[PDB]
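**Q** Before we start, here is the structure in question, set down as structure tokens.
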Amino acid sequence: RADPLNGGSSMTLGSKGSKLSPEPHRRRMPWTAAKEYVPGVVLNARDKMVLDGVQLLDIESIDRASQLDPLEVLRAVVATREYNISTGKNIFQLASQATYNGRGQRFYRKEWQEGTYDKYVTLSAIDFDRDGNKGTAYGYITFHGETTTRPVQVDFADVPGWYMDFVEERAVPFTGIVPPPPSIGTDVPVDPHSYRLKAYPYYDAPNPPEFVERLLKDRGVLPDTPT
Amino acid sequence: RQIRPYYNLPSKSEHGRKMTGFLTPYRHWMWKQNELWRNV
Amino acid sequence: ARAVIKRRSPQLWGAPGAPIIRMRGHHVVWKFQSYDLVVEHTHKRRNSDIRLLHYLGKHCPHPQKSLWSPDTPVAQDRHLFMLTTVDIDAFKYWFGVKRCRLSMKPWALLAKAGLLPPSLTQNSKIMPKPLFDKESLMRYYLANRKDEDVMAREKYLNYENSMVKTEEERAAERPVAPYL
Amino acid sequence: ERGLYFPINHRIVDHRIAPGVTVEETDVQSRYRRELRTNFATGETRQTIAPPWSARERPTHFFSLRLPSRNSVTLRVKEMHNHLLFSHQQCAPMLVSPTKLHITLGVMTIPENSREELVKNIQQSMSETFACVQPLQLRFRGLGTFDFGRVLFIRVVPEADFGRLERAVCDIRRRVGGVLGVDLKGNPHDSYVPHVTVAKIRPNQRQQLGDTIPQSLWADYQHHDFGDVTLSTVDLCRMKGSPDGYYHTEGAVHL
Amino acid sequence: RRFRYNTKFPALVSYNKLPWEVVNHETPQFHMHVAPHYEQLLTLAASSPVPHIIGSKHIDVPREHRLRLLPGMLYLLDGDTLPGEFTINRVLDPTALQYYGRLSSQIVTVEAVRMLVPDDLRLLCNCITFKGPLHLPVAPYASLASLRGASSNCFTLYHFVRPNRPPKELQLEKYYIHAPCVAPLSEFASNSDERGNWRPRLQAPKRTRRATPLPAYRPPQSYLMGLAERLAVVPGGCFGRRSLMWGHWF
Amino acid sequence: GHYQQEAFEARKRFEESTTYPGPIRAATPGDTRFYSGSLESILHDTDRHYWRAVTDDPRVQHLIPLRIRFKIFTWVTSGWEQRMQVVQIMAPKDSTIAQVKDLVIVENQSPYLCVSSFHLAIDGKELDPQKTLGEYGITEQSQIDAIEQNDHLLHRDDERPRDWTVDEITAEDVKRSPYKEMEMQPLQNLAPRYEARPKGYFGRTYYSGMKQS
Amino acid sequence: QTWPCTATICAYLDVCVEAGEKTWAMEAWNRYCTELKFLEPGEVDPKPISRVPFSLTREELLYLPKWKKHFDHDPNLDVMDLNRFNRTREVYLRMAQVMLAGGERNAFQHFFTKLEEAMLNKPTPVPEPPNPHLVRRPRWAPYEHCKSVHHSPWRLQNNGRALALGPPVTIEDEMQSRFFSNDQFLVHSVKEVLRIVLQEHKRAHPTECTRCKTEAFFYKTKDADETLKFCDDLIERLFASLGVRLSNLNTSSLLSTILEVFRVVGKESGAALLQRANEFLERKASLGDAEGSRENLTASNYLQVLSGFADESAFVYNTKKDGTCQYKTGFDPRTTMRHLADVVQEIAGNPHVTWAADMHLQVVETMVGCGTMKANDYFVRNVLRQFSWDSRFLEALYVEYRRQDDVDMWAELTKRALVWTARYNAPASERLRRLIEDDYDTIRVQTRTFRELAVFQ
Amino acid sequence: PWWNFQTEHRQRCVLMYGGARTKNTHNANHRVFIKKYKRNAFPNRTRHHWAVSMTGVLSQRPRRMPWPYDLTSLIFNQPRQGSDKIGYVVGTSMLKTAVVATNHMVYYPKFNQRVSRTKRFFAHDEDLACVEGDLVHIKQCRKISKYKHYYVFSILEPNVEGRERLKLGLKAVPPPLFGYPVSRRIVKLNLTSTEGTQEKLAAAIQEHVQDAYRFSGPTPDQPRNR
RNA sequence: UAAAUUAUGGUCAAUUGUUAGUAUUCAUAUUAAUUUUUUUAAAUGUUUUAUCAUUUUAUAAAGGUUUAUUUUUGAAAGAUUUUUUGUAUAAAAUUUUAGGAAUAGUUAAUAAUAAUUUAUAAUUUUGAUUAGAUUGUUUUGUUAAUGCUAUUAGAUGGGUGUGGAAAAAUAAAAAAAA
Ligand SMILES: [Mg+2]
Ligand SMILES: [Mg+2]
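Residue numbers (PDB author numbering), protein chains in the order written: chain Cj, 10 to 236; chain Cd, 10 to 49; chain CP, 9 to 188; chain DQ, 13 to 267; chain DR, 11 to 161, 172 to 270; chain DU, 15 to 227; chain DD, 204 to 660; chain CQ, 10 to 235.
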């Protein structure tokens, strides 16, 4: 196929890998193609008990008898806002709080900047539907200094795990068009002072001593006695 | 089968499975060491 | 790919595919037990004879004294014998040409016979599973590294044609003078 | 519900398309029966294939089996013409005159610059090859199409004297196109199929008479019996019938 | 793999055929489809001469031949002029104008984009005007060398395409010859007088110190989706090879 | 690519050759109708069901299988999807576009495809209905499509067929031509069974020739 | 006992040519090629099918025995119908080049003279139509559901609907050899025999023909003079045999081959190769009496001259004496770069020439050998994203990267090269990884995966 | 151990040395037939099942097996069993078909002799060449209709008499004067005049009602008295 | 219409019941099997995942068939990669009953026709069609032996038709992506 992990060796069932190829194994189903994913259940499992401090008024409940004190309504609004923010932040929540809908800004997830992984997206456009936490976003995905030539629709723009640092220089008004970032390899000449590579195609980070000690303790080669 | 550690991410969902498919970074690292022996 | 899966005996990637070498044997009294190395598909029906690519041979898991051999003073030669009958040509054809799979018990038997390296299942509890470090592996690689030309030649001999024709054979085979 | 769920006549698979594009990329939709209609049903008869160089220049002369005007085929085709004219009056220009019917055995193009020496050899070869064959009998029945329906002819089924006729025509082709160079439309080692042309669309008439003769005109007479005719003469003739009101006489052998 | 003829279902009924790709000019996916072809065409024009790409004036075609000759026609003009019998639509959609970002930045800043629709609604004229000289070098023999916009200053490009057609409708596939530029070679060429200025070196300088090592590696603290080799995803989920693992958390 | 040019050159030189008595009709056989396997498979005019190890003389093709691509809005359960249909006609070597249109409208054999007048076009360029395939240089590999009268505004929802999923179908609409064939009333036997695919079959986005993720 | 057809004889003679054994061709010619005859003007060129298909009559079906009635497809029956197009000129050419490879001048000259006389005084045989079995007849396919050219948002994908990434190798616009006319086939035969001379020289001296491997590559061989004189005599014989008919033909392949022999056998500078090509072009124009506009050189000739520039700019790298680079004696980077630049600007001004990865590789090799250190700029500007670049480009660029003043810039350029390899689907070559791991002691760049390192250890 | 006696069987788990391990299916079972119908009232109208009927396609006794050694296989080297068949065309009433009667062979080992069994086939032919009486050769091919999978390959013997009769306009073969019986009971020729038609009908209906009365059963010895 | 021999070759064919004037294989033996003396369950939680979903998991007994059951490489094995090459639904023969007669959405041609085309249609006494019986062409038992006498488990209509393939509604001696 396309990506025969460790060649075509079939010593075990797990030798072929969890998924055989990045392309879908069955021609019928395209969605089953291999793609990076984030935990949807955990990221959408917003804290429920945090809203139990103060009651929340329903939108369809507009009758005068069900109206509450304005102080209580403001408390409910604060509770709803913190309930939305508790699990995390999505680019649809950062865009309204950034100028020009945050166009031209650098968005990254927490796991995108930990370890040798280094990926971010330069925002190009955002479309908002009725809900302020929903819609779509397009931008340039940059991986280790290499960026996509054409804008692409971002994946998982709704899950609360995004982070962004606001800079005024990179903001792009609606009059202009967001420029794709230059490529560190081709567009801008390479310079270690400006940017230094964290992981190359044949690189793999050295084993940390804490993980090594934990693995040895698990395997029992290191002595261990209960307290 | 695929081993699921007890110290993994607990899916706070009652409408589905009680444990997620993610893993601790240590679990990912130790899995690579075990997978290295599979390749040998 | 079934509405109600046969939960007792499931498999992977459906049927029929991925021929696999197993050891079939009817569950009888242990003193009358003998298995049969055989290559079959991943999925088998009620009778094993439906999916039977080839038959490898019998195996008797009973250590027996060598009565056929004369009573010899050799200590190693007087140990118990575990006889196994296997096929080599069909096994090689299915392993290499058709790229079949093997189970742990046939793998261990073939490792004993010398056809295969020891299986992953059999391991010594005394020796733990080791770990690896990229820096030390690179240091060893720099310490000793084979030549690219010789490594290509040995890879060619191992994988592609190995029975080569030398200049002596070429001179013998070349046409004789009258038809030149 | 009337018959089989998938009729045998509809289990057609097309190999002219790419293998993997018919299942998913597209679905080809056409009536494949028309091109697989057999030559027997469609009236097509395989004529000798002419080489490209000989297919350009127009023919000059042709062998024919001269027949008296009284012969049975002449009045059979006369009655056929009467029926055709009664049914439809627009096929009269396509229909040929009853007096211009001959059984053609071969067509060739003799250049006019050097025709005089070639015709003598042709006629002497015909005489020397027909000095022994007795008069032939041929049973005519059936209809056929040549030049993609441009030429409509009466089929000549195999019968008595037909084997002698085909052997004689093979010998004629060997003695005419073989030893001396003359442009035969077919091959000297191939045998020309005898026929009598009942209808034909001229290239000048192709402008307003369509591109081919519709099959409904002769569908009822596709297998009609035109009977047995005896031929005892042969003539090498030229395409000139208007001036004398009859076949042009260039060479004749009283077989 | 797909190497089977359709015999399971009747040909009259398309039962599992893929939908035909259609591009609509009321949607930004039209700009998404067309913009990279535009930038490639501009690069080709600036590098090598291209026939029928330079336009002295708007082409005049009668109505009967309008749908026969205009579709597939793409060229450029020096002036900012628009053909008649076309209603004008301006790009006010940020998503629609986002796709021209690479063209504006890397190739040449775009001044405006307009979609022209005829009265019969059977055509689409995409006219895109770029203000300013080309950022990339322009060869003296190139098609753009005859354009006064390079070296008013703004120049426009016209493209005609039938509406509601597959993406193959525009004939931008032929404009893909990768003619290289001679920007570095012109410096050392005989016409330029920098040949004596340039100083080549054959031997690499001697190394006295090893390269600076990478900073201390900190293992990630967040949870991980699993190994990319097993999950068959590309290293960063964007590009690379599954077998060659790099750029992930470890 | 190479096959078409080499075949054309071979045919050209075969035509130019003048020393040829002609192929033997008896020696050159035709394709047979009877063979193994319970499928009637048609091949090219130069291919035979039997093994023919010799390369026969090239011939001028008198019957070109012109393939015209029509738009078709099949009804999937999720919604209306626009896909492609191919109509194949057997036209003579010098058939004018007028008779090509006659052949396509006589061999379309589909209720929806030939609903209104249409014009044949190639790579977006309309074809003049006065000249023949000789002027255009059309071969059997040429890709020809058709443009109807109302396919230039199909992006409008009014022109698009109205599905009952999002649009309301009236008592006057159920009596129309396509909506009578479709049945909004679920019968016990469900006589009009159509192709079904999930709304998430292609993911959050529709089918496209590029990547949007 | 399968009697080979003329095509099978041609294939076996090609095998004999590449093997260098002439005795096999001796046996083949004695066994089968004796009866082969050229096409006479009065003979029929496209011979018709002669073998009637197998059939059995009533008597031959009822009375004849089963073994006689049995019929399996026997190639000896249709060998005559497969020898129907009279392609004996190809067999004569292959036999002549076999004799040349075996070094028998008498027989080689006999075959060449007979072929030359036949091609000069015989009509051109008609080539057979393309074989339906050897090359599959293309089938109609609607290219409507194929992936777009920009399907991948990271690189320009090579669409199956039409080529878009640019050819990775130059191919001259020439048809199959069977379609050549008489004089054109004579020119092709001379080109082929010269190519066989090249192959024989390379086999005799493999070390002196490879690029930038040993010092022997930069020294003229002691047998090249005789081969060059033979080539000059052969081309002069060709020009004497063909007069007016030579002018109205195509000599792209012949020019490329003579350029290649004047490049590798007698190692000449790129300027010398260009001068030889110009002299050949002007002589070809002048021999024919007409307006005689000078024919522009093609992509093959430009590839040859750029390869000559690369060969003259080649250098031995990491010699056993620990020397970083060893160059040819009398090496002038200034003049080499000047000539390369003017050639490149000329071929860029010429619009009929299509660039390819081979000539881009030659240009990159020239620039990196001359040490101007603009080869990386040229590669990123014109070759990184335009063509399917192989790992040899990075192999050449690695020494340029090592030429950097600072090891940090060298290391980062190496990292970016590896990233390009991982991105644009151009895996790094074994020799490139060998160089990387050799310099790992000072660059600290890993070039092997964890899995393959562990398994190798 | 099949060759060992009953008392000699020490165990039954495996064959100790070698041979054939076969299941001892009990043939002596004493199967019983249970009569569930009256003697003259078996539900079937032609064949009556009054005892245990032997079941099998090839295992029945006496043994009957196909015989591939016949005239067709002696003449032809058939790629597949029964691919080619020689027979006489009998019946030409369906267009573009030709019904051929070809006889195969079945061998009885018990008697050590063979007999020929005739089978009819539908052979497809174009141009309508197969006339009644032709000795034709047919071969298997692709399925053409529901019951057409043979096609004629050569007409070994032309029916000159049939062709001449067709040319004269008469049928290729006169229809036979004896056919299948429509009913078991004899068919009596009706010759009654118009006046006697009703009387003959009355007699026939009386005979039919008497046959219906036969359903009642034997007439009692003592006439019914109340 | 001639003998044999450079001599056993080329590897085991062998039958056992004490009756009862005679005719005709018919009571009682031996082997094989059933039968008494109590031998002898078919297990309950399959698993992973991106979470109210998706991905992997395809022939057990039910329904009574004698002119009858026949098909894929699109998943998997499967490998630098792209790409490519091919198929296949059809047959032939063997087919039971003590007292034996009619059978039918029906044959062929045509076609992606015809509930309404055209035709002197098709099945069958060489045993049809319904009905009864029985899961079809490597299995046993008996004997010296052409015989006689046994054998098994599983393909029982469709109806949004998923899937490569319906075999898809409890039933393991199938380790199923560490
Ligand atoms: Mg009983
Ligand atoms: Mg029954």
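We treat Cβ as the ideally placed atom computed from N, Cα and C, and that holds for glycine.
Along the segment 618 to 630 of chain DD, what residues have a CB closer than 9 angstroms to any CB found in chain Cj?
**A** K618, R619, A620, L621, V622, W623, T624, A625 and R626
**Q** I'd like to check one pair, DR/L146 with DR/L86: are the Cβ atoms closer than 7 angstroms?
**A** Position 76 of the fifth sequence, counting from 1, holds the residue named residue 86 of chain DR. Position 136 of the fifth sequence, counting from 1, holds the residue named residue 146 of chain DR. Not closer than 7 angstroms, so no.
**Q** Give me the Cα-Cα distance between DD/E262 and CQ/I84, rounded to the nearest whole angstrom.
**A** Here residue 262 of chain DD is taken as the residue at index 59 of the seventh sequence, counted from 1. Here residue 84 of chain CQ is taken as the residue at index 75 of the eighth sequence, counted from 1. Computed Cα separation, rounded: 12 angstroms.
**Q** As an exercise, report each continuous alpha helix (DSSP H) stretch of at least 4 residues that is fully enclosed by the segment 31 to 113 of chain DQ, in chain order.
**A** 45 to 48, 51 to 54 and 84 to 99
**Q** Compare the C-alpha of DQ/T116 against each of DQ/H73, DQ/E171, DQ/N21 and DQ/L221 and name the closest.
**A** For the purposes of this step, residue 116 of chain DQ is taken as residue 104 along the fourth sequence, with counting starting at 1. Comparing Cα-Cα distances from DQ/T116 to each of DQ/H73, DQ/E171, DQ/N21 and DQ/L221, the minimum goes to DQ/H73.
**Q** At the level of alpha carbons, what is the spacing between DD/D386 and DQ/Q41?
**A** Counting from one through the seventh sequence, the residue named residue 386 of chain DD turns up at place 183. Counting from one through the fourth sequence, the residue named residue 41 of chain DQ turns up at place 29. Each residue's alpha carbon lies about 50 angstroms from the other.
**Q** By the 10 Å Cβ neighbour count, where 16 or more other Cβ atoms means buried, how is residue 267 of chain CP classified, buried or exposed?
**A** A query on residue 267 of chain CP cannot be resolved here, the shown segment of chain CP reaching from 9 to 188 and no further.
**Q** Can you grab the Cα-Cα spacing for the pair DR/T105 / DR/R185, in whole Å?
**A** The residue given as residue 105 of chain DR occupies position 95 in the fifth sequence. The residue given as residue 185 of chain DR occupies position 165 in the fifth sequence. Spanning the two alpha carbons is a distance of roughly 22 angstroms.
**Q** What does the alpha-carbon distance come out to for the pair DR/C201 and DD/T327?
**A** Reading the fifth sequence from its first residue, position 181 is the one you call residue 201 of chain DR. Reading the seventh sequence from its first residue, position 124 is the one you call residue 327 of chain DD. For DR/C201 and DD/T327, the distance between alpha carbons rounds to 45 angstroms.
**Q** For CQ/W12 and CP/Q19, what's the separation of their Cα atoms in angstroms?
**A** Within the eighth sequence, the letter at position 3 stands for residue 12 of chain CQ. Within the third sequence, the letter at position 11 stands for residue 19 of chain CP. When rounded, the distance between both Cα atoms is 42 angstroms.
**Q** Strictly under 7 angstroms for the Cβ-Cβ distance: is DR/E31 near chain DU by that measure?
**A** Counting from one through the fifth sequence, the residue named residue 31 of chain DR turns up at place 21. Judged by the 7 angstroms Cβ criterion, DR/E31 is in contact with chain DU.
**Q** Please name the residues in the segment 114 to 142 of chain Cj whose beta-carbon is closer than 8 angstroms to at least one beta-carbon of chain DR, in chain order.
**A** Going along the segment 114 to 142 of chain Cj in chain order, one finds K119, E120, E123, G124, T125, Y126, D127, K128, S133, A134 and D136 with a Cβ nearer than 8 angstroms to chain DR.
**Q** Which residues of chain DR have a Cβ atom closer than 8 angstroms to the Cβ of Cd/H37, listed in chain order?
**A** Start at 1 with the first residue of the second sequence, and residue 37 of chain Cd comes out as number 28. By Cβ distance, chain DR contributes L244, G246, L247, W269 and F270.
**Q** For Cj/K143 and Cj/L103, I'd like the C-alpha separation in whole angstroms.
**A** Here residue 143 of chain Cj refers to the residue found at position 134 of the first sequence. Here residue 103 of chain Cj refers to the residue found at position 94 of the first sequence. Between Cj/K143 and Cj/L103, the C-alpha separation is close to 12 angstroms.
**Q** Leaving aside the five residues before and after DD/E482 along the sequence, list all residues of the same chain whose C-beta is less than 7 angstroms from its C-beta, in chain order.
**A** By one-based count along the seventh sequence, residue 482 of chain DD stands at place 279. Contacts found: none.
**Q** Might you give, ordered along the chain, the residues of its own chain that have their beta carbon closer than 6 angstroms to the beta carbon of Cj/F175, omitting 5 neighbours on each side?
**A** Indexing the first sequence from 1 puts residue 175 of chain Cj at position 166. For Cj/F175, where only same-chain residues beyond five positions count, the Cβ hits under 6 angstroms are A107.
**Q** Is DQ/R176 near DQ/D237, with beta carbons less than 7 angstroms apart?
**A** Residue mapping note: residue 176 of chain DQ aligns to position 164 of the fourth sequence, counting from 1. Residue mapping note: residue 237 of chain DQ aligns to position 225 of the fourth sequence, counting from 1. Not in contact: DQ/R176 and DQ/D237 (Cβ atoms no closer than 7 angstroms).
**Q** With a Cβ-Cβ cutoff of 7 angstroms, do DU/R211 and DU/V90 count as a contact?
**A** As a working note, residue 211 of chain DU is residue 197 in the sixth sequence. As a working note, residue 90 of chain DU is residue 76 in the sixth sequence. Cβ atoms of DU/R211 and DU/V90: closer than 7 angstroms.
**Q** Per DSSP, what are the beta-bridge partners of DU/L80 in this structure?
**A** Residue numbering aside, residue 80 of chain DU sits at position 66 when the sixth sequence is read from its first letter. DU/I103, per the DSSP bridge assignment.
**Q** Assuming DQ/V168 and DQ/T57 form a contact by the criterion Cβ under 8 angstroms, report the distance between their Cβ atoms to the nearest whole angstrom.
**A** Here the question's residue 168 of chain DQ lines up with position 156 in the fourth sequence. Here the question's residue 57 of chain DQ lines up with position 45 in the fourth sequence. Contact doesn't hold; Cβ gap of about 10 angstroms is too wide.
**Q** Between the C-alpha atoms of DD/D376 and DD/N453, what's the straight-line distance to the nearest angstrom?
**A** Your numbering for residue 376 of chain DD matches position 173 in the seventh sequence. Your numbering for residue 453 of chain DD matches position 250 in the seventh sequence. In this model, DD/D376 and DD/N453 are separated by some 10 angstroms (Cα to Cα).
**Q** With burial defined as no fewer than 16 other Cβ atoms inside 10 Å of the residue's Cβ, what is the status of DQ/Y17: buried or exposed?
**A** Working through the fourth sequence from its first residue, we reach residue 17 of chain DQ at position 5. With a 10 Å radius around the Cβ and a threshold of 16 neighbouring Cβ atoms, DQ/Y17 comes out exposed.
**Q** Between the segment 334 to 345 of chain DD and the segment 26 to 45 of chain DQ, do at least 3 Cβ pairs fall closer than 8 angstroms?
**A** yes
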